[PDB]
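S.K.: Please see the structure below; I have some questions.
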Amino acid sequence: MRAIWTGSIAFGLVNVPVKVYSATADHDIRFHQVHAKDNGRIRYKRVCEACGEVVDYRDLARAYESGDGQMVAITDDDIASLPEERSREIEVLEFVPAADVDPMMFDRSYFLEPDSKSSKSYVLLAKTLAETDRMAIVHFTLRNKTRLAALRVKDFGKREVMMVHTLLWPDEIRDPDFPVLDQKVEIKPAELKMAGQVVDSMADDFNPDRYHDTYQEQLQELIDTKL
Amino acid sequence: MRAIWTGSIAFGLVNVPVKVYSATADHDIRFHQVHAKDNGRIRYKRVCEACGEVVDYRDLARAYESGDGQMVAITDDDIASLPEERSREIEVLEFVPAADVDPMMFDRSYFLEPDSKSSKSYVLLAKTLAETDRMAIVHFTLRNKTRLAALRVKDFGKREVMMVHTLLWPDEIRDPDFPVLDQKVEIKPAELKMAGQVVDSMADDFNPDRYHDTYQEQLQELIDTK
DNA sequence: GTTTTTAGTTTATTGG
DNA sequence: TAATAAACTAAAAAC
C-alpha cells in the first residue's frame, strides 16, 4: 500500500500530477535460505577466485564480455550519456487506436492515480480517452532507466482510471523464419466442419473467479500446518 | 535458435506434437562483476552468519518467514504433493472469445509450431482459431512450475502460427483502492469539445519501425570503442 | 556433454 | 521503511 513514482504527464504543457501505483504484485510465496545444521540465514560474499579476499562493493565496476572475453570498466560519463535519466516527467509521443496495438508486447502494468488538487484536468483526459478509444505511446522513465510504455484507460465501474503498461521494444520480437509452415496445405473442406462444433461445445465466458492458483493455496496450507 | 520444451497440446483426444519457442529474448546488455585489483571475474559463495564457515548448497533448506520470523523446514513429500509437475502436456480447460479477456494479464509470450512431419492437425486448429475468433485457456506447465496461459493466433502474412501467452492469476491484480477518484467533477462540454481535436492533433498510426531503444543503441556505440 | 532459457535468491540503490 | 533492476548460481530439458 505505497506508491512508486510521483511525477506528471508532460504532454505539451499539460502537467497533470499523477501517483503511479504497482498494478500487480507477486503474490507467489518468496522463501528464505537458511542453514539447517546451525539455523543460520545465508549471506553471499563476493570474493575473487584467483586471490580469495572479501572486498567492498565500491571498488568494482561493470564489465561487458564480448565473444573474445574482453573486459571494459564503464566510465561514469558514458553511463551519464542520457539526459532522459535526469528527466522525471512522462513524455508523450503519439496517440494510436487501441485496436492498432499488438497484445504480445504488454509486459508489466501500473496504475495512474492522480492528485486531487487538479483532478479536473485529469478527468478530462480520462473521459477523452474513453471517447476516442486512443491508446497513448509514452516514453517512461523509472528506476533511472527508460522503457517504452503505453497509456490507456480501463473502466472499473464506479471510477475510471488510466493505466500504463510497459511494452518491449520493436526489435525485441524474434522473427519466426519457420520453414515447416511453407509446406502446401491440403485440407478437404469436409474435415473443417468437425472442428466447429468440437470447440463450440466447449464454449464458455471468461470467469476469473473460478480460476485459482492451485499450487499456491495448497502450499499456503502447509504454512498454517507447521505453526 | 534453440527450443525450450517439446510436448503436445492434449485436450480430450486431440494430440498435436508442438515445439515451443521463446517469443521474446531480452537483448539488453548484461555485464559481469569485476574489480581491477584481481582483474578477473567474481564468484558468490554462501556462508552462515553464526558459523562463519563456507557451506555447500546441498545441506540447506527452503524456509518461509512470516511476521513472527518463524522457520519453515520444507521437505520433499509436501513439495511433491502437487502432481501437475509430473505432467508434460498442455491441458486445455475452455475457450473464450478474444474480446472477453483484457490485455493487462499478458506477461510472457511463446510460439507454437509442430514437430512431426504431418502438420494437418496443427493447421486445422490454426484455421479454426481464426474463424471462431475465440481464445483458449490452458493449464500450461513448464520447468516444474504451473502457470495459466492462453492460445491465440497472430497471422504473420504467410503462416497462421498461434502463440501462447502466460497470464497472471486473477488474484494477482491489486484492487483499485482509491476513494478520491469517485468525486463528482462538473465538466463544461466546451472544454471537452475543444480538447477533442487537441488530442486529435497528436493522432498517428502505430509505426514500430521508427521506435528504438535509444539508450541501448548509445550504449552499444560505447561498446564499439574497440 | 553443451550453451542457452528459466525460476530462485541475496543485494544494492532510490523514492514515499 | 518497502518495490525494482543487476548479476550469479542452480537445475534441467532439446538434440
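Order determines the names: the first chain of the C-alpha cells is A, the second B, and so forth; residues in each chain are numbered 1 upward, and ligands are numbered 1 upward as they are shown.
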Could you give me, as a list in words, each residue of region 69-172 of chain A that DSSP assigns to helix (DSSP H, G or I) when run on this structure's backbone?

M.R.: residues 76, 77, 78, 79, 98, 99, 100, 116, 117, 118, 119, 120, 121, 122, 123, 124, 125, 126, 127, 128, 129, 130, 131 and 132 of chain A

S.K.: Which residues of chain D come within 9 Å of chain B, and what is each one's closest atom pair and distance in Å (one decimal), counting only C-alpha atoms (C1' of nucleotides), sorted by chain and residue number, as JSON lines?

M.R.:
```
{"residue": "D:6", "atom": "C1'", "partner": "B:30", "partner_atom": "CA", "distance": 8.3}
{"residue": "D:7", "atom": "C1'", "partner": "B:32", "partner_atom": "CA", "distance": 6.9}
{"residue": "D:8", "atom": "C1'", "partner": "B:44", "partner_atom": "CA", "distance": 6.9}
{"residue": "D:9", "atom": "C1'", "partner": "B:44", "partner_atom": "CA", "distance": 7.9}
{"residue": "D:12", "atom": "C1'", "partner": "B:143", "partner_atom": "CA", "distance": 7.8}
{"residue": "D:13", "atom": "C1'", "partner": "B:5", "partner_atom": "CA", "distance": 6.2}
{"residue": "D:14", "atom": "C1'", "partner": "B:3", "partner_atom": "CA", "distance": 6.7}
```

S.K.: Tell me, which residues of region 82-155 of chain B carry DSSP strand (DSSP E), written as JSON, numbers by chain?

M.R.: {"B": [91, 92, 93, 94, 95, 96, 97, 106, 107, 108, 109, 110, 111, 112, 113, 114, 134, 135, 136, 137, 138, 139, 141, 142, 145, 146, 149, 150, 151, 152, 153]}

S.K.: I need the residues from that last selection saved to file as an mmCIF file, in the first residue's frame (with N, CA and C atoms), if you can.

M.R.:
```
data_model
loop_
_atom_site.group_PDB
_atom_site.id
_atom_site.type_symbol
_atom_site.label_atom_id
_atom_site.label_comp_id
_atom_site.auth_asym_id
_atom_site.auth_seq_id
_atom_site.Cartn_x
_atom_site.Cartn_y
_atom_site.Cartn_z
ATOM 1 N N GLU B 91 -2.658 -28.902 -20.982
ATOM 2 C CA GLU B 91 -4.041 -29.259 -20.700
ATOM 3 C C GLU B 91 -4.931 -28.046 -20.926
ATOM 4 N N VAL B 92 -5.984 -28.223 -21.718
ATOM 5 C CA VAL B 92 -6.879 -27.139 -22.109
ATOM 6 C C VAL B 92 -8.176 -27.265 -21.325
ATOM 7 N N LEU B 93 -8.647 -26.142 -20.780
ATOM 8 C CA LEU B 93 -9.860 -26.116 -19.969
ATOM 9 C C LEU B 93 -11.076 -25.653 -20.762
ATOM 10 N N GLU B 94 -11.019 -24.451 -21.334
ATOM 11 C CA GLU B 94 -12.165 -23.868 -22.021
ATOM 12 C C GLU B 94 -11.672 -22.978 -23.155
ATOM 13 N N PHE B 95 -12.625 -22.429 -23.905
ATOM 14 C CA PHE B 95 -12.359 -21.443 -24.942
ATOM 15 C C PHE B 95 -13.200 -20.207 -24.664
ATOM 16 N N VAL B 96 -12.601 -19.035 -24.850
ATOM 17 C CA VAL B 96 -13.244 -17.768 -24.507
ATOM 18 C C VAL B 96 -13.068 -16.808 -25.678
ATOM 19 N N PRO B 97 -14.063 -15.975 -25.997
ATOM 20 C CA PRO B 97 -13.885 -15.004 -27.084
ATOM 21 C C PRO B 97 -12.727 -14.057 -26.812
ATOM 22 N N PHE B 106 -1.353 -10.334 -19.741
ATOM 23 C CA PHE B 106 -0.288 -10.934 -20.532
ATOM 24 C C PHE B 106 1.067 -10.591 -19.925
ATOM 25 N N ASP B 107 1.878 -11.619 -19.674
ATOM 26 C CA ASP B 107 3.180 -11.445 -19.043
ATOM 27 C C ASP B 107 4.325 -11.829 -19.971
ATOM 28 N N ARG B 108 4.323 -13.054 -20.491
ATOM 29 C CA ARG B 108 5.367 -13.516 -21.394
ATOM 30 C C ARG B 108 4.738 -14.384 -22.475
ATOM 31 N N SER B 109 5.315 -14.332 -23.671
ATOM 32 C CA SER B 109 4.757 -14.993 -24.839
ATOM 33 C C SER B 109 5.693 -16.082 -25.347
ATOM 34 N N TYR B 110 5.105 -17.116 -25.947
ATOM 35 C CA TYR B 110 5.859 -18.204 -26.551
ATOM 36 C C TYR B 110 5.180 -18.638 -27.842
ATOM 37 N N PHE B 111 5.988 -19.024 -28.828
ATOM 38 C CA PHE B 111 5.491 -19.502 -30.110
ATOM 39 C C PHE B 111 5.125 -20.982 -30.035
ATOM 40 N N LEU B 112 4.372 -21.433 -31.036
ATOM 41 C CA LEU B 112 3.897 -22.812 -31.090
ATOM 42 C C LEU B 112 3.941 -23.280 -32.536
ATOM 43 N N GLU B 113 4.756 -24.293 -32.807
ATOM 44 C CA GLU B 113 4.910 -24.865 -34.135
ATOM 45 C C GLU B 113 4.976 -26.381 -33.996
ATOM 46 N N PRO B 114 4.645 -27.128 -35.048
ATOM 47 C CA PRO B 114 4.597 -28.592 -34.924
ATOM 48 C C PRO B 114 5.991 -29.196 -34.848
ATOM 49 N N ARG B 134 -11.920 -16.932 -31.049
ATOM 50 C CA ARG B 134 -12.024 -17.131 -29.612
ATOM 51 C C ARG B 134 -10.704 -17.661 -29.074
ATOM 52 N N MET B 135 -10.319 -17.170 -27.899
ATOM 53 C CA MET B 135 -9.100 -17.618 -27.244
ATOM 54 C C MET B 135 -9.284 -19.029 -26.693
ATOM 55 N N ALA B 136 -8.196 -19.581 -26.164
ATOM 56 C CA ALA B 136 -8.231 -20.859 -25.471
ATOM 57 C C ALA B 136 -7.342 -20.767 -24.244
ATOM 58 N N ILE B 137 -7.883 -21.136 -23.088
ATOM 59 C CA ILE B 137 -7.177 -21.031 -21.815
ATOM 60 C C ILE B 137 -6.638 -22.405 -21.452
ATOM 61 N N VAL B 138 -5.338 -22.482 -21.184
ATOM 62 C CA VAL B 138 -4.681 -23.750 -20.903
ATOM 63 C C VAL B 138 -4.132 -23.745 -19.485
ATOM 64 N N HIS B 139 -3.896 -24.948 -18.973
ATOM 65 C CA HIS B 139 -3.186 -25.133 -17.713
ATOM 66 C C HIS B 139 -1.721 -25.440 -18.016
ATOM 67 N N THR B 141 2.094 -26.002 -18.156
ATOM 68 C CA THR B 141 3.116 -26.469 -17.234
ATOM 69 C C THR B 141 4.481 -26.292 -17.879
ATOM 70 N N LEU B 142 5.449 -25.814 -17.099
ATOM 71 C CA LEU B 142 6.779 -25.559 -17.634
ATOM 72 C C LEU B 142 7.776 -25.465 -16.492
ATOM 73 N N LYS B 145 6.959 -25.955 -12.825
ATOM 74 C CA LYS B 145 6.030 -24.957 -12.321
ATOM 75 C C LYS B 145 4.823 -24.890 -13.243
ATOM 76 N N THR B 146 3.685 -24.489 -12.682
ATOM 77 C CA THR B 146 2.429 -24.416 -13.414
ATOM 78 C C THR B 146 1.968 -22.970 -13.486
ATOM 79 N N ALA B 149 -2.049 -19.928 -18.928
ATOM 80 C CA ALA B 149 -1.675 -19.339 -20.207
ATOM 81 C C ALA B 149 -2.882 -19.357 -21.137
ATOM 82 N N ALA B 150 -2.678 -18.896 -22.370
ATOM 83 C CA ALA B 150 -3.764 -18.802 -23.333
ATOM 84 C C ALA B 150 -3.223 -18.967 -24.746
ATOM 85 N N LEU B 151 -4.035 -19.571 -25.616
ATOM 86 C CA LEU B 151 -3.694 -19.740 -27.023
ATOM 87 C C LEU B 151 -4.457 -18.741 -27.882
ATOM 88 N N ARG B 152 -3.744 -18.121 -28.818
ATOM 89 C CA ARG B 152 -4.347 -17.261 -29.825
ATOM 90 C C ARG B 152 -3.358 -17.125 -30.972
ATOM 91 N N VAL B 153 -3.845 -16.605 -32.096
ATOM 92 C CA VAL B 153 -3.120 -16.658 -33.361
ATOM 93 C C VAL B 153 -2.756 -15.251 -33.817
#
```

S.K.: At a cut-off of 9 Å, list the chain C residues touching chain B, using only C-alpha atoms (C1' of nucleotides), as a list in words.

M.R.: residues 4, 5, 6 and 7 of chain C

S.K.: Mind dumping a table of every chain A residue within 9 Å of chain C, with the nearest atom pair and its distance in Å to one decimal, using only C-alpha atoms (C1' of nucleotides), sorted by chain and rising number, as a tab-separated table?

M.R.:
```
residue	atom	partner	partner_atom	distance
A:2	CA	C:16	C1'	7.2
A:3	CA	C:16	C1'	6.8
A:4	CA	C:15	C1'	6.8
A:5	CA	C:15	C1'	7.4
A:6	CA	C:15	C1'	8.8
A:30	CA	C:8	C1'	8.7
A:31	CA	C:9	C1'	8.6
A:32	CA	C:9	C1'	7.9
A:33	CA	C:9	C1'	7.8
A:42	CA	C:10	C1'	8.4
A:43	CA	C:10	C1'	6.8
A:44	CA	C:10	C1'	6.5
A:143	CA	C:14	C1'	7.4
A:144	CA	C:14	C1'	8.9
```

S.K.: Save the residues we just selected, N, CA, C and O atoms, as a JSON list (two decimals), in the first residue's frame?

M.R.:
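Written file, selection03.json:
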```json
[["chain", "number", "residue", "atom", "x", "y", "z"],
["A", 2, "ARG", "N", 1.62, 1.44, -1.08],
["A", 2, "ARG", "CA", 2.52, 2.58, -1.19],
["A", 2, "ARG", "C", 2.85, 2.80, -2.66],
["A", 2, "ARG", "O", 3.05, 1.84, -3.40],
["A", 3, "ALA", "N", 2.89, 4.07, -3.07],
["A", 3, "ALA", "CA", 3.15, 4.40, -4.46],
["A", 3, "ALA", "C", 4.63, 4.16, -4.79],
["A", 3, "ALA", "O", 5.44, 3.81, -3.93],
["A", 4, "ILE", "N", 4.98, 4.36, -6.06],
["A", 4, "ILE", "CA", 6.33, 4.12, -6.53],
["A", 4, "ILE", "C", 6.89, 5.38, -7.16],
["A", 4, "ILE", "O", 8.01, 5.80, -6.87],
["A", 5, "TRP", "N", 6.10, 6.00, -8.04],
["A", 5, "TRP", "CA", 6.53, 7.14, -8.83],
["A", 5, "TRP", "C", 5.62, 8.33, -8.55],
["A", 5, "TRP", "O", 4.42, 8.16, -8.30],
["A", 6, "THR", "N", 6.20, 9.53, -8.58],
["A", 6, "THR", "CA", 5.42, 10.75, -8.36],
["A", 6, "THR", "C", 5.95, 11.81, -9.31],
["A", 6, "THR", "O", 6.94, 12.49, -9.02],
["A", 30, "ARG", "N", 7.57, -16.11, -1.60],
["A", 30, "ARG", "CA", 9.01, -15.97, -1.69],
["A", 30, "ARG", "C", 9.62, -16.51, -0.40],
["A", 30, "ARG", "O", 9.31, -16.01, 0.69],
["A", 31, "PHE", "N", 10.47, -17.52, -0.52],
["A", 31, "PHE", "CA", 11.01, -18.21, 0.63],
["A", 31, "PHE", "C", 12.27, -17.50, 1.13],
["A", 31, "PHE", "O", 12.59, -16.39, 0.72],
["A", 32, "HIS", "N", 12.98, -18.14, 2.06],
["A", 32, "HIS", "CA", 14.25, -17.65, 2.57],
["A", 32, "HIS", "C", 15.21, -18.82, 2.68],
["A", 32, "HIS", "O", 14.80, -19.98, 2.78],
["A", 33, "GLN", "N", 16.50, -18.51, 2.67],
["A", 33, "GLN", "CA", 17.54, -19.52, 2.59],
["A", 33, "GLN", "C", 18.25, -19.58, 3.94],
["A", 33, "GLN", "O", 18.81, -18.58, 4.39],
["A", 42, "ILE", "N", 21.57, -17.32, 5.35],
["A", 42, "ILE", "CA", 22.71, -17.36, 4.45],
["A", 42, "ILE", "C", 22.93, -15.97, 3.86],
["A", 42, "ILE", "O", 21.98, -15.29, 3.47],
["A", 43, "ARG", "N", 24.19, -15.55, 3.82],
["A", 43, "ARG", "CA", 24.60, -14.31, 3.18],
["A", 43, "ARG", "C", 25.65, -14.63, 2.12],
["A", 43, "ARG", "O", 26.42, -15.58, 2.27],
["A", 44, "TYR", "N", 25.66, -13.84, 1.06],
["A", 44, "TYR", "CA", 26.59, -14.02, -0.04],
["A", 44, "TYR", "C", 27.74, -13.03, 0.10],
["A", 44, "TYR", "O", 27.52, -11.82, 0.23],
["A", 143, "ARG", "N", 13.29, 4.03, -12.24],
["A", 143, "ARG", "CA", 14.45, 3.32, -11.71],
["A", 143, "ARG", "C", 15.71, 3.66, -12.50],
["A", 143, "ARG", "O", 16.51, 2.78, -12.82],
["A", 144, "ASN", "N", 15.85, 4.94, -12.85],
["A", 144, "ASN", "CA", 16.96, 5.54, -13.60],
["A", 144, "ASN", "C", 17.12, 4.97, -15.01],
["A", 144, "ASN", "O", 18.10, 5.27, -15.68]]
```

S.K.: Can you check which residues of chain D have any atom within 10 Å of chain A? Use only C-alpha atoms (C1' of nucleotides) and format it as a list in words.

M.R.: residues 2, 3, 4, 5 and 6 of chain D

S.K.: Write the residues of the selection above to a file with N, CA, C and O atoms (P, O5', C5', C4', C3', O3' and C1' of nucleotides), as a PDB file, in the first residue's frame.

M.R.:
```
ATOM      1  P    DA D   2       9.368  -2.474   6.033  1.00  0.00           P
ATOM      2  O5'  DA D   2       9.136  -2.317   4.457  1.00  0.00           O
ATOM      3  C5'  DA D   2       7.857  -2.601   3.893  1.00  0.00           C
ATOM      4  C4'  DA D   2       7.634  -1.790   2.629  1.00  0.00           C
ATOM      5  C3'  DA D   2       7.485  -2.616   1.347  1.00  0.00           C
ATOM      6  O3'  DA D   2       6.504  -2.029   0.493  1.00  0.00           O
ATOM      7  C1'  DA D   2       9.264  -1.109   1.104  1.00  0.00           C
ATOM      8  P    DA D   3       5.848  -2.892  -0.696  1.00  0.00           P
ATOM      9  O5'  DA D   3       6.561  -2.346  -2.023  1.00  0.00           O
ATOM     10  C5'  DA D   3       6.368  -3.025  -3.265  1.00  0.00           C
ATOM     11  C4'  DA D   3       6.994  -2.250  -4.415  1.00  0.00           C
ATOM     12  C3'  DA D   3       7.378  -3.096  -5.621  1.00  0.00           C
ATOM     13  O3'  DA D   3       7.336  -2.314  -6.806  1.00  0.00           O
ATOM     14  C1'  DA D   3       9.334  -2.254  -4.598  1.00  0.00           C
ATOM     15  P    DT D   4       7.594  -3.003  -8.236  1.00  0.00           P
ATOM     16  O5'  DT D   4       9.124  -2.674  -8.557  1.00  0.00           O
ATOM     17  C5'  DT D   4       9.501  -1.355  -8.924  1.00  0.00           C
ATOM     18  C4'  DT D   4      10.899  -1.334  -9.518  1.00  0.00           C
ATOM     19  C3'  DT D   4      11.134  -2.323 -10.660  1.00  0.00           C
ATOM     20  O3'  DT D   4      11.920  -1.715 -11.679  1.00  0.00           O
ATOM     21  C1'  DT D   4      12.713  -2.696  -8.955  1.00  0.00           C
ATOM     22  P    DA D   5      11.974  -2.353 -13.154  1.00  0.00           P
ATOM     23  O5'  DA D   5      13.526  -2.669 -13.380  1.00  0.00           O
ATOM     24  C5'  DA D   5      14.466  -1.605 -13.436  1.00  0.00           C
ATOM     25  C4'  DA D   5      15.815  -2.045 -12.897  1.00  0.00           C
ATOM     26  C3'  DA D   5      16.584  -3.025 -13.788  1.00  0.00           C
ATOM     27  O3'  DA D   5      17.847  -2.451 -14.239  1.00  0.00           O
ATOM     28  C1'  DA D   5      16.514  -3.795 -11.520  1.00  0.00           C
ATOM     29  P    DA D   6      19.057  -2.083 -13.234  1.00  0.00           P
ATOM     30  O5'  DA D   6      19.729  -3.490 -12.886  1.00  0.00           O
ATOM     31  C5'  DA D   6      20.834  -3.952 -13.648  1.00  0.00           C
ATOM     32  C4'  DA D   6      22.003  -4.300 -12.744  1.00  0.00           C
ATOM     33  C3'  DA D   6      22.986  -5.284 -13.329  1.00  0.00           C
ATOM     34  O3'  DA D   6      24.188  -5.238 -12.577  1.00  0.00           O
ATOM     35  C1'  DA D   6      21.611  -6.375 -11.741  1.00  0.00           C
TER      36       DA D   6
END
```

S.K.: Closest to chain B among A:17, A:83, A:12, A:40, using only C-alpha atoms?

M.R.: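 For chain B, the nearest of the candidates is A:40.
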
S.K.: To one decimal place in Å, what is the distance between CA of residue 71 (chain A) and CA of residue 34 (chain B)?

M.R.: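 Result for CA of residue 71 (chain A) versus CA of residue 34 (chain B): 8.3 Å, one decimal.
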
S.K.: Fewer than 3 positions away in the same chain doesn't count, so skip those; otherwise give me all residues within 9 Å of region 80-82 of chain A, counting only C-alpha atoms (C1' of nucleotides), as a ChimeraX atom specification.

M.R.: /A:75-77,85-86 /B:214-215,218-219

S.K.: Could you give me, as a PDB file with N, CA and C atoms, in the first residue's frame, the residues within 7 Å of region 113-115 of chain A, counting only C-alpha atoms (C1' of nucleotides) and dropping anything in the same chain fewer than 2 positions from it?

M.R.:
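The resulting selection-v5.pdb:
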```pdb
ATOM      1  N   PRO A  17      -0.599  16.104 -12.272  1.00  0.00           N
ATOM      2  CA  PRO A  17       0.083  15.303 -11.248  1.00  0.00           C
ATOM      3  C   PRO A  17      -0.514  13.907 -11.148  1.00  0.00           C
ATOM      4  N   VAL A  18       0.362  12.913 -11.009  1.00  0.00           N
ATOM      5  CA  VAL A  18      -0.031  11.509 -11.019  1.00  0.00           C
ATOM      6  C   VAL A  18       0.769  10.754  -9.966  1.00  0.00           C
ATOM      7  N   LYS A  19       0.118   9.789  -9.320  1.00  0.00           N
ATOM      8  CA  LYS A  19       0.727   8.926  -8.308  1.00  0.00           C
ATOM      9  C   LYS A  19       0.706   7.495  -8.840  1.00  0.00           C
ATOM     10  N   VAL A  20       1.784   7.095  -9.521  1.00  0.00           N
ATOM     11  CA  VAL A  20       1.848   5.758 -10.099  1.00  0.00           C
ATOM     12  C   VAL A  20       1.806   4.707  -8.999  1.00  0.00           C
ATOM     13  N   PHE A 111      -0.807   1.467 -12.394  1.00  0.00           N
ATOM     14  CA  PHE A 111      -1.932   2.387 -12.335  1.00  0.00           C
ATOM     15  C   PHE A 111      -1.455   3.832 -12.441  1.00  0.00           C
ATOM     16  N   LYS A 117      -5.751  17.845  -6.238  1.00  0.00           N
ATOM     17  CA  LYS A 117      -5.789  19.303  -6.341  1.00  0.00           C
ATOM     18  C   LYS A 117      -6.292  19.757  -7.707  1.00  0.00           C
ATOM     19  N   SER A 118      -5.815  19.128  -8.777  1.00  0.00           N
ATOM     20  CA  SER A 118      -6.213  19.462 -10.139  1.00  0.00           C
ATOM     21  C   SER A 118      -6.819  18.251 -10.839  1.00  0.00           C
ATOM     22  N   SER A 119      -7.712  17.545 -10.141  1.00  0.00           N
ATOM     23  CA  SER A 119      -8.314  16.341 -10.703  1.00  0.00           C
ATOM     24  C   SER A 119      -9.178  16.649 -11.919  1.00  0.00           C
ATOM     25  N   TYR A 122      -7.312  15.946 -15.028  1.00  0.00           N
ATOM     26  CA  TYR A 122      -7.088  14.515 -15.216  1.00  0.00           C
ATOM     27  C   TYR A 122      -8.342  13.829 -15.743  1.00  0.00           C
ATOM     28  N   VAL A 161     -10.001   4.943 -14.445  1.00  0.00           N
ATOM     29  CA  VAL A 161      -8.600   5.315 -14.300  1.00  0.00           C
ATOM     30  C   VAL A 161      -7.892   4.998 -15.607  1.00  0.00           C
TER      31      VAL A 161
END
```

S.K.: Could you tell me which of B:174, B:58, B:88, B:210 comes closest to chain A if we count only C-alpha atoms?

M.R.: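 Among the listed residues, B:174 lies closest to chain A.
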
S.K.: Just give me the gap between CA of residue 35 (chain A) and CA of residue 63 (chain B) in Å, one decimal is fine.

M.R.: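 One can read the CA of residue 35 (chain A) to CA of residue 63 (chain B) distance as 9.5 Å.
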